[PDB]
Structure formats: structure tokens, C-alpha cells
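Next up is one chain by itself, shown in C-alpha cells, the form deposited in one PDB entry.
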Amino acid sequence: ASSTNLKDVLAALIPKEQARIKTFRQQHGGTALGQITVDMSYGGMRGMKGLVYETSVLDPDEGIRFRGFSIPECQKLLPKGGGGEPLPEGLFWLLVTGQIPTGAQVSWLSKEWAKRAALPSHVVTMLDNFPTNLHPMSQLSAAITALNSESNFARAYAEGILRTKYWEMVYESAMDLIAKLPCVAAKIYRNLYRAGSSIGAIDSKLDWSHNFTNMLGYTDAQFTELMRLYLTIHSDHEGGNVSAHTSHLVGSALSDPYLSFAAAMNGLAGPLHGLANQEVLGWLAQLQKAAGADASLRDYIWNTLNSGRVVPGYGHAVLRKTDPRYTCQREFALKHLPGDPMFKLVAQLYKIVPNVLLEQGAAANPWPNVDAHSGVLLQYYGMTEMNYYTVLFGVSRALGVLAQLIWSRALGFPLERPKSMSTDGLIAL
């Protein structure tokens, strides 16, 4: 009897996995996975295997996998609006469940996210009073912190629930959070760039992406398509990234999903992380200020490097090859906006940057990452407020980080608390 419900599905799945991890441990907990060196310690845990994170795994060479699903694979397997790009909704189901959802599953997330999307008055209020020189990311992060008012987990914890049920309240507070995000994100949008206008209402019959674009104010049918791919691809990127790890870390301490996502956002906002979004465009934007020669393009990159700055959108802590998310984006451009002069500059940089980066002999991965290609796409559709780009990244990222958060709690992962050491201490060791 009956119909769709992620939670019932999860209820069936938790005990299995719990079991599976206990036996594995019972036999392998003692197993050495790896060693820790000094350089690793001074180096940002680079190359250290430090966390269990289920939803996605990043391969240095091939790039990210949602189960074991690649981006090309997702593209073909995940349900679509009607109609070429994958619905982040179906992405979400996959991440949570390990399985490819049916259209019918997918429609259910959509409605669910539609039903839950509602903002409390104190939040609307704060957003409406924020100054316009407060960065969109700051605005977003303070809003999500402020939503903690409403945390179902915060409240259940205060009532004393058994630790076993944590995952259930997490899940609710995840689903409500994902639901609200686009509203928050769009409110910021409309306040800063469309002053006096309103975000409008959520239509239960649309997919999350589409409601998002309406709230943003965009009509173009291809924009919507852009949005669906963008929000799916930015999903998740394993557990070690600043944003995800931040969530995992904060969430480990039993801070509710709102506080943990917000902290994640503060991490996403750093230049070496998701703000690279934004930095890309600005650098591109200066480049053109200062149709160029590869040689003048090259002088320009050198001048950055010489100046003690990074080239934004290039390099990666884990990837060692061109990001497939980059390829993914390129391939969208080539289909849709192949004559765009911004696009063409990005295409030409691809010819030059890595070469310059090899020449310099510093970057371990001279190839571009997702950030190098995302803004170009946005600008094209008219969304040219580049200090806002990272917000979009932030909305997508909720998908992966929250899908995991639920599992961490389902699995009972304890407090994240490694040991630190000072230089003198290490010197002594």
C-alpha cells in the first residue's frame, strides 16, 4: 500500500548500513590506512585521509562521483524537467539514498521543497535592513544563522531526545533548509540589485530551480536549464573541501543544520574557495580593461603571479587534471553561447594559463577548476552582478553537505577533534 517518502526509505536503509560499518570496523578498525608526516601537518592535511564522507568521492584524475556516478553519467541518468538538464532534486535523492530516483520520486522532492519554503518574519526583516555594502555571502550566512530560531533539531535536543533519533530531526531541518534557501538567496538578490521589487511566491508545481529563477526574475527558458545544471554540478565535492568539512566539523558538535550550513558558508566565502566564482569574473573584467594577443595575455598572468596573487579558477588541492565540472560547463557554452566574447576569452585562457602555470613551477595542478567557467555562463544570461555568484554556489552546496549531515548523525559519527601540536612540540617529538 501507499506512496513516496524519503524518510521511510532512509528508515529502512540506516540499520543496514549501521550494521555494515560495525562489522567492518570489528575486523578492520586497527588497520593502518596511512601515515602522517611533518609536511602534511604544516601543509593543510594535504594528502591526509582524514574523514568518512559518503555522498561523493573525488578522484584526482577522473574527478567527482556521486554514487559512483560521474557527471556525464548523472547527465544521462537523472530525470530532467521535460528538458535536457538534470534536476538537482534527483541529484539530492541520489546522494541521500545511493540510488537513481524515478521521475516520480523526483516530483515528490520538488513538491516537498515547495511546501516547506517559507520565511519567518525576523529573517525578512534583517535582510531588508542590511546595508548594500554588506557582501551577499555575509548576508546569506547571517540569514541562515538567524533561521536557527526555527531548528527542529535544536528543539528536540533541548527536549532531551535519545541520540538515536537525531538523524530524523536533522532530516527535517535539512529539507526545510533546502526549501528556504532560494527564498533567502532571491531576497538578497532583489534587495541589492532590484530594489523595490518582490520575490514573489513559490508555485508548487514547479521544480526548485525554476521557482528559484522566477524569484530571481529571469524569464529566459535556457537560463532555467543553466540553473538546473549549475545547481546539480556544484552539489557536492567530497568531505575534505573547506565548506563541506566545516559543516561536518560543526555538525559533529551537535549544532543544528542551520548553524552548520552557515559556518560552511563562511568557508565558501574565502577567495581560495567558492569566492573564486567571483574573483574569476573580476580578474577577467580587469583583464579586458587593461580582443588581445596570447602574448599580452601572457604578460598579464605573469604580472598577477609576480604580484604575490593567485590566478583565480586554476589549481586544485586534490584534482590533478582538468575539472570535469569545467568541461561540463564548456560543453554548455559551445552548445548555447559559442560566440560570446567572454566565453572566447575563457577559452583562450585555457590555452595559456596552465602553460604559464607550468612555467612558474609552483602549482601542483595547473588545470582549471569549476570556478574558472561558471561566471561566464551567468553574465551571458544577464546576471552580471559577480559579487553574487558565490551565493549560487552556496545554494547548490547545501545539497551535498546536508545529504551527508543526515548520514553522519544516522551513523552516530562522534565529535571531530584531532590533536594539534606546536612547532616546538613537533621539533621535540
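Definition used throughout: the rigid core is the maximal C-alpha set that superposes within 1.5 Å between two forms. Each residue number is its position in the shown sequence, starting from 1.
Unmodelled residues of the deposited sequence between neighbouring positions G82 and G83 number 1 to 3.
Gap check for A290 to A291: 1 to 3 deposited residues are absent from the model. Once the C-alpha B-factors are averaged per stretch, 364 to 372 and 32 to 40 rank with 32 to 40 first.
16 to 24 and 403 to 411 differ in mean CA B-factor, and the higher of the two is recorded for 16 to 24.
Among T102, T224, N148, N241, the highest C-alpha B-factor in the deposited entry belongs to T224. Between the residues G382, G394, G50, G63, it is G50 that shows the highest Cα B-factor in the PDB record. Looking at the C-alpha B-factors along this chain, the one for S198 belongs to the highest third.
In this PDB entry, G160 carries a Cα temperature factor that places it within the middle third of its chain's modelled residues. Sort the chain's modelled residues by C-alpha temperature factor and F261 lands in the lowest third, per the entry.
Annotation for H210: CA B-factor lies in the middle third of the chain's modelled residues. Sorting the modelled residues of the chain by their CA temperature factor places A1 in the highest third.
Below, we turn to the form deposited in another entry, even though it does not appear here.
Once you line up the core between this form and the one not shown, the CA of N355 is the only one from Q99, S198, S149, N355 that shifts by 2 Å or more. Once both forms are fitted on their core, a CA shift of 2 Å or more is seen for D323 between this form and the one not shown. Core-superposed comparison between this form and the one not shown: the Cα of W283 travels 2 Å or more. In the core-superposed comparison between this form and the one not shown, the C-alpha atom of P338 has shifted by at least 2 angstroms.
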